[PDB]
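What follows is a single structure, written as structure tokens, with notes after it.
Residue numbers start from 1 in every chain, and the chains themselves are labelled A, B, ... in the order their sequence lines are given, proteins ahead of strands.
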Amino acid sequence: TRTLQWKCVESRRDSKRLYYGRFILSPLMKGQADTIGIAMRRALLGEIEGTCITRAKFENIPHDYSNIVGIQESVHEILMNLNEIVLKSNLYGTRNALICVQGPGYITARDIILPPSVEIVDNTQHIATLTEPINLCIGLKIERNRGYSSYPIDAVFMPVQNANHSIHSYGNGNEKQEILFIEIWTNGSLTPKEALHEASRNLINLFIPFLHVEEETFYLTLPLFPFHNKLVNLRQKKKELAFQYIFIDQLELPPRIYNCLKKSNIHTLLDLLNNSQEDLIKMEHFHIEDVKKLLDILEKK
Amino acid sequence: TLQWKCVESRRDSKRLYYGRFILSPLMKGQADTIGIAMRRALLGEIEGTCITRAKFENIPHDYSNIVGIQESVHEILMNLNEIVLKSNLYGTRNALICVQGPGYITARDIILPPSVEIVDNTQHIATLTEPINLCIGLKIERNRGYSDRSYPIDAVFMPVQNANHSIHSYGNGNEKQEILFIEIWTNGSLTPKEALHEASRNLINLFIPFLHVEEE
Amino acid sequence: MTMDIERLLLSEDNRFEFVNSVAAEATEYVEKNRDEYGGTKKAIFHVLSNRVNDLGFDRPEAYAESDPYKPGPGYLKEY
Amino acid sequence: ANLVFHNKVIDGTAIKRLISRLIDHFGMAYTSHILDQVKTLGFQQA
Amino acid sequence: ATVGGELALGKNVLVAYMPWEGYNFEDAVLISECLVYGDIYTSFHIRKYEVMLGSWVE
Amino acid sequence: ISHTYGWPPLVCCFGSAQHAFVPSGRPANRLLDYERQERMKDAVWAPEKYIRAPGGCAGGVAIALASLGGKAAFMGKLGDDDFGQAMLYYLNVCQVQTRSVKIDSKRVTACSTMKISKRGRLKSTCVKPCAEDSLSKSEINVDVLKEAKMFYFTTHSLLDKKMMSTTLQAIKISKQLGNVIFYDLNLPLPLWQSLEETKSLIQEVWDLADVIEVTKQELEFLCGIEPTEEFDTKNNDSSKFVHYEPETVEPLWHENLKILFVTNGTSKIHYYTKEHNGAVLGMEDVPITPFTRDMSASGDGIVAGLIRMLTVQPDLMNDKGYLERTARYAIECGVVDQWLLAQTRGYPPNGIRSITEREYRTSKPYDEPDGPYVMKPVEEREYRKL
Amino acid sequence: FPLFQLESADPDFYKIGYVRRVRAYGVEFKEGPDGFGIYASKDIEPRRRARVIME
Amino acid sequence: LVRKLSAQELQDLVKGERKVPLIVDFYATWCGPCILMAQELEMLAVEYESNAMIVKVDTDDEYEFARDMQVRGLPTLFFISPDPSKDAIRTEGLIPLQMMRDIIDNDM
Amino acid sequence: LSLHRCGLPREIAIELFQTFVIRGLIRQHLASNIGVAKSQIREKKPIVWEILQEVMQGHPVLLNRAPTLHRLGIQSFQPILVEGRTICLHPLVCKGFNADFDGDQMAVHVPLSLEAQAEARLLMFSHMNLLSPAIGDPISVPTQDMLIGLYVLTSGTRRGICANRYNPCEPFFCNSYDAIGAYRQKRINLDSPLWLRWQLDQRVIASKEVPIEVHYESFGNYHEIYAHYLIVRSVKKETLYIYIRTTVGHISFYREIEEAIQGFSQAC
RNA sequence: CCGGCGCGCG
Ligand SMILES: Nc1ncnc2c1ncn2[C@@H]1O[C@H](CSCC[C@H](N)C(=O)O)[C@@H](O)[C@H]1O
Ligand SMILES: [Mg+2]
């Protein structure tokens with residue numbers, strides 16, 4: 001139905017923690033594919049957030065470079081294994097999880113007691129192996145963040161492993177259209193389609209602030225109310241309104257003079273008073289008769 | 001909160017506008033991506049209006065010069081390529097030049113389609129000495145930058161002459177913050193604030209389709 | 001300031017004498033008003049600006065400038 | 001500035017000769033800024 | 001510095017040979033953040049000095 | 001003074017400058033990805049019942065059109081009280097020409113004295129109207145009507161008899177001066193029952209309009225069609241987005257009608273002419289907040305985009321490609337406006353407290369000692385066997 | 001508020017000098033019936049040392 | 001505290017008698033400005049602990065009653081005077097709290 | 001970095017300027033005495049770095065490499081605070097120091113008295129030491145990477161048999177800004193030939209050669225075609241049009257130098 | 001807080 005369409009031309013789950021997806025987007029006007037590709041690549045590699053363990057707490061360890069009797073792996077190896085756990089969550093904040101098991105056996109990623117807002121991507125991820133029945137209690141800390149970073153864990157938050165894109169000529173140069181392909185590799189915390197959608201949303205949220213109102217435009221959720229409060233305060237101890245807040249619309253001017261002031265970027269009474277007669281004379285359709293009648297109108301105010 | 005502001009504005013002439021804009025606070029790495037995308041959009045995704053074709057009527061014999069005109073045909077075309085226009089036109093329209101005789105032919109002597117305006121009416125086109133009527137049929141188009149005996153004009157659709165971005169970083173310990181600066185130079189057919197808004201809208205329109213869904 | 005320093009030496013027969021006179025003037029500035037210098041205002045910069053200003057060319061006092069875009073106290077610009 | 005328009009090549013000998021002529025004509029303060037700009041341009045094109 | 005019975009003093013990293021904005025001027029090397037947060041070139045260093053065990057001194 | 005009329009052409013928006021006032025809201029269907037909705041249901045807020053408002057007031061459309069770079073003037077009345085002055089200032093700083101706004105010192109802004117009958121069931125029987133209902137025919141600014149090339153108005157102006165007379169006079173005057181009349185229905189709340197009296201009220205203004213914009217629900221109501229589709233079901237079947245044939249909209253057509261726009265939010269916009277008809281698909285998976293759930297900002301943006309594109313190229317009102325591009329532009333404008341409103345208002349947590357989307361998507365630490373996510377003292381451990 | 005409230009020499013005379021590194025500071029050239037002359041185009045504030053007028 | 005009351009209960013309340021101003025909120029669950037007005041009314045009821053009564057009537061469930069009151073949209077407030085001689089005030093839109101206080105202290 | 005600036009590590013800077021940081025702390029009443037200020041410096045308080053940054057402004061330092069073979073082996077720079085533990089050095093001053101970035105180190109010195117600071121600022125800064133005292137050649141000349149960049153930029157068009165496969169039996173731009181804008185929009189390459197309208201005097205370095213071809217029209221106008229430019233002249237009028245055949249690279253080099261001069265002139 | 005020896009870096 002749509003003239004410009006997008007579709008997933010290939011989806012592949014090579015492993016539990018490595019997803020692949022290729023997407024198409026055609027037809028694009030010449031130069032649009034390059035902009036979309038570069039912005040999408042930078043968003044995928046830098047703007048997508050992930051969740052991972054950032055802090056693990058032990059109880060009977062002198063330092064992270066020591067061993068535990070009954071566990072094959074040292075504390076450093078356990079921390080390295082904990083750093084490789086892939087989690088998924090849509091929420092922010094420093095959630096905490098718990099590892100509370102008794103050996104012997106294998107401690108996999110499905111042994112983590114997670115809060116309801118966090119999920120495990122790969123159940124089979126290894127943490128440690130218990131050879132004898134020793135107690136093992138580990139308290140974990142999980143938060144959602146971007147980029148990368150009780151023993152601290154060097155957490156890498158980027159869930160997109162790699163990205164690629166290509167641009168191909170659509171065909172005859174009627175409008176010299178183009179075809180865009182995008183390849184995304186993720187770690188399973190989100191699908192390549194989810195990564196594409198999240199990158200689009202993040203880019204839009206990055207570009208949309210310029211479409212807001214400029215800083216220091218309204219008087220300081222509902223910009224109307226603070227100015228109403230200012231007017232209410234001005235009603236008591238009557239001091240009238242400043243010329244900056246009074247616009248030339250509310251002053252009775254002939255339509256020609258109003259248009260002349262408007263296209264000269266004159267909007268408020270303060271701007272009108274700051275203007276000089278010579279500058280207004282420089283602007284056409286504005287003769288000395290207009291100058292004197294405008295001065296009379298301002299005097300009447 | 002994330003806000004933007006214009007920190008500098010100037011108008012050196014009618015065809016040279018400058019503006020400097022700010023955007024803060026931003027996270028690490030965001031300002032560079034925003035600046036790159038905005039610069040690309042400003043340089044090529046903004047539509048401009050230019051004269052793309054000229055037809056010489058009154059039988060000029062298809063020679064290098066016309067009797068009574070100081071400037072040559074190639075010189076006239078080069079002069080026409082320099083005229084700055086703004087419009088909202090869709091498709092292609094036509095403009096005409098009909099100057100009676102001796103005097104100076106400027107942009108002011110162009111009969112324009114409805115939506116087309118002229119940024120500078122003092123732009124010179126041709127000089128006439130002897131009283132000969134000159135008939136030129138101009139073809140006017142509106143296109144993106146990245147996009148019968150009639151002489152073509154190699155128009156470059158660049159309303160934004162130049163664009164730059166710079167990053168200022170600040171921090172006190174573990175919390176950082178960066179500021180984005182964007183400089184825009186336009187040829188007067190559009191203000192730097194208008195250029196910024198148009199670039200943002202074009203980028204957003206470029207990234208809307210990835211969120212499209214289809215009827216089942 | 002580099003252009004100003006070059007301009008000031010265009011009228012000096014000896015540059016060593018110029019440096020000595022600038023140092024003496026800065027020393028007098030520091031002795032007269034000790035607490036005004038050492039921070040955002042430097043005595044040698046003030047001397048150079050005054051010598052440039054004495055010719056009739058307006059310059060900021062001691063070439064003292066700050067960043068209007070600092071996001072509040074405590075934030076230090078990272079190069 | 002009445003600069004000549006080089007249209008052939010800028011090699012090591014040409015840039016050394018050009019800088020020396022700029023110091024004589026413009027001075028060390030002007031040429032110090034020209035060197036800063038040319039350094040960026042050469043790095044940007046490499 | 002030994003893997004599988006062989007001397008292993010370094011790492012295999014993706015490398016390009018091109019000038020990049022003067023940050024590899026003369027003999028400088030420009031590297032990626034992946035080598036940092038990936039712990040590709042992280043080494044343990046231990047001094048000796050003639051305090052509780054497992055303490056973070058400063 | 002036709003030589004002082006610049007570009008773009010001026011647009012006169014006739015009506016009331018209300019503050020966050022919604023005419024009505026009908027059940028609606030929007031295009032959505034439901035796998036994402038299921039996945040992000042704990043972080044993305046959605047209404048249990050999707051109900052869409054057709055838009056807002058004429059002042060909102062004037063503000064939205066100005067934000068698009070168009071020239072907009074608001075014709076209406078405001079009081080001299082603090083609320084009226086604040087509303088006038090807000091319109092002024094939004095680059096809306098307020099020289100056609102009449103200021104009345106004897107009227108109260110957004111307040112009407114009402115006489116309730118306390119014998120039978122209570123009626124209210126409006127006695128003294130509000131400030132933005134008392135614009136007389138003599139207070140109509142004719143200069144802006146000469147300058148303007150398009151006249152915009154809504155059905156909220158036909159509720160009061162004096163307001164209806166003023167609206168009729170303004171429409172007729174604009175028609176004499178060769179303006180294009182844009183009628184945005186935006187059916188008010190009391191008119192959604194007894195279709196016959198709605199037709200009786202809007203019959204005269206309907207025949208004086210060159211461009212008419214209605215919602216899908218409004219078109220079904222005016223054509224006597226009972227919605228047979230299903231609401232609030234997690235799918236995107238084409239029965240929810242049906243392009244009615246020109247025969248369905250045939251009874252509503254008249255001699256001077258040029259374009260009829262049928263909008264389904266930003267999901268789909270249908271355009272009808274006497275020679276071409278079609279629809280353009282859009283996008284409605286924008287951020288929505290309990291403070292922005294009515295989706296009236298999208299309607300205002302759509303109408304503003306339609307007006308902007310129709311005014312910039314008025315000779316292409318019959319061009320099919322230009323109509324498709326206009327519909328796409330209106331969809332984009334509505335999407336942008338809804339996104340901006342969601343960012344500005346923020347989520348619920350003048351007494352008005354709001355939290356950002358970042359705070360809304362922040363969970364509790366779950367560090368309760370009784371919780372199963374904290375290292376309890378060794379007395380109570382409850383190890384699980386491997 | 002701003003709203004409520006001897007001839008100059010040939011510009012080419014100074015322009016031909018100006019394009020050849022002639023600089024005049026705070027003064028303008030004026031012509032009268034007697035002849036040419038140099039007059040202060042503004043108020044020259046007395047500084048510590050002598051002020052440069054022309055070069 | 002604002003209590004959700006039906007058409008007949010409001011019938012009884014107005015046909016009865018009271019010594020305090022009555023503010024009736026006409027709202028719908030699908031309007032965001034209705035939620036903002038609810039926050040404003042909750043703050044006002046905090047300010048007016050017992051000297052005023054604020055009630056809410058759902059428009060979607062009392063559409064005929066809302067039409068009988070000439071409610072032309074949402075949010076809409078009705079200020080009912082305890083004195084039968086005085087007239088009721090209908091406010092359209094998200095009016096500020098100061099207007100509410102001015103109405104209650106001037107024409108209530 | 002600028003030619004007159006260097007980057008100082010935070011630890012080196014706080015060590016060298018310790019007394020000045022103590023004075024800055026005490027002066028604004030943020031330290032009770034010298035001991036309290038020293039304790040604050042030892043704790044790396046966030047306000048110590050503000051005072052250090054303030055007091056380093058306008059105070060030069062002297063850098064020095066180990067084998068000082070001539071007087072340019074020690075130079076003065078304006079220190080700025082850079083992150084890390086390394087000294088940031090300008091690339092154009094490495095030849096004077098005989099320094100490369102493969103393990104070299106430098107010593108930093110702080111002039112304390114006002115006379116020493118004046119000497120360092122007015123005699124030892126790199127912007128007044130552009131010439132070598134041995135014979136007078138420039139010492140801060142672009143080298144290596146910058147030289148290759150300039151050589152590639154100013155390497156002109158492919159010509160002759162390296163441009164056309166067969167024996168031949170280009171865009172015209174009003175100004176250089178149009179040509180560079182077309183280059184930005186990927187319409188032309190860096191070394192693609194183009195014709196540039198020239199509105200100045202003939203100042204293009206070229207071989208002293210007569211025109212290859214003169215196209216004389218019977219109406220009076222004649223076109224003189226040289227190897228690198230085209231000149232249009234007439235016998236009726238005094239008009240004279242010049243078009244230069246060049247690339248974007250030559251235009252870019254000329255604009256870079258011209259804009260450097262104009263910006264320096266405007267900034268003063 | 002003194003000197004020898006060995007190994008290195010530029
Ligand atoms: N104070 C004075 N009063 C009248 N004439 C003067 C004068 N000082 C100089 N002149 C005249 O000016 C001449 C010097 S050249 C000075 C400018 C000259 N008047 C011109 O218009 O070109 C002398 O010939 C002298 O006659
Ligand atoms: Mg070395």
Between J:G10 atom P and I:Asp100 atom CG, what is the distance in whole Å? 9 Å
N/O-N/O pairs, protein side and nucleotides 6-9 of chain J side, under 3.5 Å:
none

Hey, do the aromatic rings of B:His165 and B:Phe181 have their centres closer than 6.0 Å? no
Is the distance between the ring centroids of E:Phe44 and A:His76 less than 6.0 Å? yes
Determine the interplanar angle of the A:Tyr148 and E:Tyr37 rings, folded into 0 to 90°, and report it as parallel if under 30°, tilted if 30 to 60°, perpendicular if over 60°. tilted
Judged by atom type as modelled, is there a donor-acceptor pair below 3.5 Å linking the side chain of I:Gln117 to the main-chain atoms of I:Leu112? yes
Would you call the rings of D:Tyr30 and D:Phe26 parallel, tilted or perpendicular, taking 30° and 60° as the class edges? parallel
